[PDB]
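In: no sequence on hand, only this structure:
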Ligand SMILES: [Zn+2]
Ligand SMILES: [Zn+2]
Ligand SMILES: [Zn+2]
């Protein structure tokens, strides 16, 4: 992040949705069709997974935006599936709505006056009307047209009453406790929807379905005991085009109910919810940037989709050519319906179809994506080394070696006050402390100082503070990536960081010789850090916002009292406690020379410790035969 | 056909213009915008009048000198909404423009509109009866329907507006 | 169980206001606790 | 500390295909910068000081006509102590493809060392 | 070019435009020129004075 | 600073009516033109749109079509852009709506 | 996301409310170790008055109003407490749940109001009896927890980290259940 | 022109509805430990980016030590917008707030 390159727009909200098939045809760059990735001569095949329309690839320009590898953002493509297949993210809920629906009127089998009740209770819960949904149950062929009026009139009455009495915006109120009553009510809805015998509108049965797991679907044999209601009314692997040819007609008759089942927030967009939303007629391939070879496993899963996709296209050529051939071509085409289903199952979910890791298993657990790369990240401008104990350091500081002080760097924008100490720093160069490793120019340029001699490097010290040559950059200034000085700030951090005082903000103080981090003894009570080869992380913040927090807020002097009990966790440990039993003895007497040497050896006014600009002393305890100072009187004047 | 648009613009503001904030909106976002083409305005922005920063806190009067600017959390640049009245010269099709002759060639008629803006009239827009005389010395002229060389104004109608390059261009026919 | 909560989010068409610190590191906002619990507004002198 | 790594020019081939990679220098324009490390047989000198970036063997490649090298992939400077010629047993006596190189590293007792 | 330091983030239109005559344009171009004269736009002041002379008199 | 500014900070470009990170892209300009940032999802083909010469842009394919210019650059982590690519393969659309519209 | 709000009312990140005040008094654990050490502070009255400087804080705060309600409840509670807690029509909120303690001086917790007036009753010692109670009521107010504190992390880092040193169940399986 | 005109007057009517006036604000009058560090941090980003400084520089080259010097004489021109969990806010300038 550069503090001189801002950003105008910020994300306010996100909302989860489903790609329809019209979008990802208009969204796409170029549809790809053959299940080969790259042919001979090293160049990828056009029409395959690695394609120059999906992004730049291995010193070859993008066929969509015309940018090289360092600047092409990557582009998504789509592959066509000949049959609408199931989405394994939604088969657990598709089979709920695949069941619980009569196959004749294409309503649900539960009665339409009570399906109207859940559509009125879940409308009130979209708004902040958790109370009035229980008052709705108190509202109780001709009277059902008026009962469905009285319930719907009360819902419309209670919304406009609450929306005018400053209580709930038309965006709806959605707290935690209305998410409780909503999930409880939809579980109540889906429970007694499935447990139905006959449709209460057209009073007859419907053949029950069987879930084989994933990848398949089966209907069962309708019993001879209850086929008689199917005559006085006036097993088979069914297709995935036969499932959609019901659930389209189901989700049209009952739009007013699933408009509020599938929406937590009130639907101001008025998008109709569809049964195509549960299938996926068109896969989306990720861009070629996100599936570069290690080939890659997502190119292997998409290969078997496209390998099946040409078999099932060639199997449909014989269906245009046509009885013995018609029998065998269709019991083998239907074998290809399960396999192209089983591929897009194994593409998304490797556990619902040893195996190739799918798209879901790049997200789920630890060593995944949310916990391995979003909540926790590898960081820049950071360091790690073994700590060794160190007195003589002022208890809010860290001792950084020269091997750390040369690599780690900080962007100082040049001003009137910098150009005395930051001109000298840019003369010293990358391999001298305190130095500088780069200069970031006004126009976002970057001039590395490593391969420069002392004459060119002193020349850029005078180009450093110049008025800008451009109107478009007339308000910016150059940033010198200087070395870390003794005024910078550092986050020291020892694992396991079990409490917040195990990650503190220290000042810095370089050491000129030795190659290890050095920590004062009053910090080992907080980090749980004995010095038996333990190492700990050092983080160097890169802007003035984070410098002002690891000095004032996450400072190590702020963290004297732990918040567990309120007790102090900072103090001296082994030799200082034994020395103070000897120094504060009654036997300890010090002469005039030994007294004044112990006081200056710990105060040192030139390092900003005393408050008087002159070390004041006490009269001695004993005056004659010769003056002596007791050790109680050392710590008094200290 | 100079028209007036009142706009609203969400701009940045650097800390060197924290003592003179109306100056900083002019020198960063408005003075690089005069004599250019802007898409959401409609045509070529000539100038502006009446720059007023919309204050952050709405409890302040319009008479107040001090106003609040919402600083970016990351960077020290501040953001604000402003109202200003741009004046913009916009060409549209079917309109008649006064021209000044700059190029007399056998391919196009490159002329200037209001001494600043380029324009052209193509060969296929020029009809059959308007022939061209050659100049072996130095650039001739198109002999009109009545036999006289053209000079001064040339009132044509707009065919298409071409703002894609550096400057605006106006395509035009020579019929009624 | 990321995709069990992902499908319960997308079937509910769930919009979130990015309030939790977990959702302000996924999308990169400033955290609403401590230092991001307020805005800083500069007083500029002229109109 | 005595570290040993085996440089083998035969772990990309099988079944009698000819040795495309020979030890030593060929006849192209290879840079004479590294005569300070390597001998005329491609193999480094005994006792020389090697840090990160120095070549430890020189070999000529036949499909590229380019005497490439192999560099010392360790950030701790060493000294080449012994260089062996592992000859492979065959009836048709093969030119060498296997050389083991041994280093030594001065572990002077630094701070942080555990006694 | 093309940075938030140069362009506004989002540019809008508050109200519909209505056309003005030469008296409004010349009074603007004797105030916008005056308060800017009394920098890349120093070459753009000349291109405004090329328009200022075409609505008053003759070049 | 640790979780965004010094790991994978990026000022990616976002559409304001799609709210999608990995859609919009640099247009291939003409000779002397400028490469603007422009959206693929909420655009329309030029064979489909029966225009004002400035809303019209072109791919590198040779496909020139007129559409979404409502776009802006928003500072995100880069790992969010990979989260969208792993979810849009499943068929999950993430609409990142931005505040100045 | 659980944090102290600006109502001194700790709540979740999405706005839903956990406690109406942090622990019942909203004082910081790292600012309360000497808050009831009353005899330490009487020995250091002229030193603590320099670090709070009460004369430079009268112009912004309401010194007098919360001390009127501080006696309407103290005299009420001593007159009661002869009965147990199912009978008590308490007639009054405590002085802390009605006035904001960060702004109103004297709006303290009931244990601090009792332990001050029990300390200041027993022993009797240039600082008098009423210059000292007007300093503990200001030491209390600076000991208020700051709005914005990440409480739910701190409360849950103060239970997991003491579990590192670890006829009924006991220990880390008891915290497990 | 008509849509953005309605979009803007709604957006400025809520932000006035969320505004709490100056004599009706009831949060703390102390600048907290969280407000203090960001005032020092955001001002020091401005001083490093050539903002006009309201204090005599006694050879201070650290921008965070200059902002700690502007905070002593109460010269920092910033305003804290203390948000309430309703979405409403209160505007406190740094000069009104007292430290420690
Ligand atoms: Zn591309
Ligand atoms: Zn039925
Ligand atoms: Zn779009």
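Out: Thanks, I have the structure now. Numbering: from 1, shown residues only, chains lettered A, B, ... in the order given. Ligands and ions are numbered 1, 2, ... in the order given.

In: can you tell me the centre-most residue of the chain?
Out: Going with chain A. Nearest to the mean C-alpha position of chain A, counting by CA atoms, centre = their mean, stands residue A:374 at 3.9 Å.

In: look at chain H instead
Out: Centroid check for chain H by CA atoms, centre = their mean gives residue H:79 as the closest residue, at 2.2 Å.

In: identify the residues contacting the closest residue to that one other than its chain neighbours.
Out: Among residues not flanking residue H:79 along the chain, residue C:41 sits closest, at 4.0 Å (CB to CB, 6 or more residues apart in numbering or on different chains). For the C-beta atoms, the positions are set from N, CA and C on the backbone; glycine is no exception. Counting by CB atoms under 8 Å, 6 or more residues apart in numbering or on different chains, residue C:41 touches B:56, B:57, B:68, B:69, B:70, B:71, H:78, H:79, H:80, H:81, H:91.

In: now do the buried residues in stretch A:259-266.
Out: For stretch A:259-266, the neighbour count (16 or more other CB atoms under 10 Å in any protein chain shown) marks A:259, A:260, A:261, A:262, A:263, A:264, A:265, A:266 as buried.

In: ditto for stretch G:123-140
Out: G:132, G:133, G:135, G:136, G:137, G:138, G:139, G:140.

In: can I get those residues in CSV including distance to ligand 3?
Out: Shown next, in CSV, are the buried residues of stretch G:123-140 (distance: CB to the ion, whole Å):
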residue, distance to ligand 3
G:132, 69
G:133, 67
G:135, 64
G:136, 63
G:137, 61
G:138, 59
G:139, 59
G:140, 57
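
In: what is the nearest of those residues to chain B?
Out: Nearest to chain B, judged by CB to the nearest CB, of the buried residues of stretch G:123-140 is residue G:138 at 31.7 Å.

In: looking at this, the closest one is in a helix?
Out: Yes: under DSSP: H, G, I helix; E, B strand; the rest coil, residue G:138 sits within a helix.

In: just checking, it touches residue G:52?
Out: Yes: between residue G:138 and residue G:52 there is a contact under CB atoms under 8 Å: 5.7 Å.

In: what do the two both touch?
Out: Shared contacts of residue G:138 and residue G:52 (CB under 8 Å, 6+ apart): none.

In: the longest strand seen in chain D - contacts with which helices or strands?
Out: Secondary structure of chain D per DSSP state E: the longest strand is strand D:78-86. Contacts defined by 3 or more CB pairs under 8 Å, 6 or more residues apart in numbering or on different chains; DSSP states H and E place strand D:78-86 against strand D:2-8, strand D:49-50, strand D:98-104.

In: tell me the first helix or strand C-terminal of the second one.
Out: Along the chain past strand D:49-50, the next helix or strand (assigned with DSSP states H and E) turns out to be strand D:55-61.

In: pairing partners for that next one, with directions?
Out: strand D:21-23 (antiparallel), strand D:66-71 (antiparallel) (DSSP bridges).

In: what residues of it count as buried?
Out: Across strand D:55-61, burial judged by 16+ other CB under 10 Å covers D:55, D:56, D:57, D:58, D:59, D:60.

In: for the fourth one, list the residues it contacts.
Out: When you say that, I think you mean residue D:58. The neighbours of residue D:58, taking CB under 8 Å, 6+ apart as the test, are D:23, D:24, D:25, D:30, D:34, D:38, D:42, D:67, D:68, D:69.

In: try 6 Å this time
Out: The contact partners of residue D:58, taken as CB atoms under 6 Å, 6 or more residues apart in numbering or on different chains, are D:25, D:38, D:42, D:67, D:69.

In: so the third one touches residue D:26, yeah?
Out: No: taking CB atoms under 6 Å as the contact criterion, residue D:42 and residue D:26 are not neighbours in contact, 10.2 Å apart.

In: buried stuff in the helix or strand where residue A:24 lies?
Out: In this structure, residue A:24 sits in helix A:23-26 according to DSSP H and E. In terms of neighbour count (16+ other CB under 10 Å), helix A:23-26 has its buried residues at A:23, A:24.

In: that one and ligand 3 in contact?
Out: No: Helix A:23-26 does not reach ligand 3 (CB under 5 Å from the ion); its nearest approach is 10.0 Å.

In: need the residues that contact that helix.
Out: Residues contacting helix A:23-26 (CB under 6 Å, 6+ apart): A:78, A:282, A:284.
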